[PDB]
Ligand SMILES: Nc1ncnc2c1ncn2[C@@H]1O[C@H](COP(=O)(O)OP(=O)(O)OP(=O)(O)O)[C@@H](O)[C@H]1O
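Next comes just one chain, in structure tokens: the form deposited without this ligand.
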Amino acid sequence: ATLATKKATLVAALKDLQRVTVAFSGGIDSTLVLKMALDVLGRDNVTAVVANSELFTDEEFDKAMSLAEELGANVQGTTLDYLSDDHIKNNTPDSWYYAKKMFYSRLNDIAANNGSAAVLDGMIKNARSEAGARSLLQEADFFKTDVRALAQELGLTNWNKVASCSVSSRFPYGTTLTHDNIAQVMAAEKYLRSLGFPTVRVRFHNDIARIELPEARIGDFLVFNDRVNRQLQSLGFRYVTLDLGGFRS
């Protein structure tokens, strides 16, 4: 339960694996996994993969790609067409399962080709598990607090402090995702973020946009009312609203 033996667990596991492929998201957990992998195995035996997809922002992709380079890993992007699976295109409740399946199926193809012994992700002990992958922080009982601590011990400083999550969550179940509406939602959230709100949602309800913000920031939002209204109207919405129960999940 000491942070040191947690680290020791992580190091011996990697030494056993010898060659790894890292599912690199750009967050703190992914950064700790990629950083520790390089520190134990060296740049030649680690491959960082970043997924380019229509369900996450281009900025998240671009900074993650550079973040891996700053960590000293040979990084490789790969593009995933999530909308090619009908459960995702039609935004059923099982969408998450087919997305992760399509994602881990792609990473195992990559690892199988560069000879790697495992795919690595940044699951930590916090209902999620994925058999064809090794979550070494979860496996060594790394808690959110242990990740921040080991990250500071190593000097890792520059990750992406906000998770942002898949855009399918901005559409109701049963709604079909298209390039236009996804682009419509992404343009809206990019705007609200540029005003200073890193945690933001623009939920799609056809002609109504419903914005979720953290309740503690709603007071500060008032100065942007008219600008958000006119801008989100340029993107296709007729009504621009603010959900009074703020940012739920």
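All residue numbers refer to positions in the sequence shown, first residue = 1.
Another form, the form deposited with this ligand bound, is not on view; read the next lines as being about it.
The partner is not drawn, yet in the deposited bound form one stretch among 181-189, 44-52, 210-218, 196-204 has residues with heavy atoms inside 4.5 Å of this ligand: 44-52. The closest non-hydrogen atom of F171 lies beyond 4.5 Å of this ligand in the deposited bound form. Within this chain, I28 lines the site of this ligand in the deposited bound form, having a heavy atom no more than 4.5 Å away. Among heavy atoms of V20, none comes within 4.5 Å of this ligand in the deposited bound form. Although the partner is absent from this view, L177 stays clear of this ligand in the deposited bound form, with no non-hydrogen atom inside 4.5 angstroms. Note on the partner interface in the deposited bound form: the residue among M102, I88, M123, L71 having a heavy atom within 4.5 angstroms of this ligand is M123.
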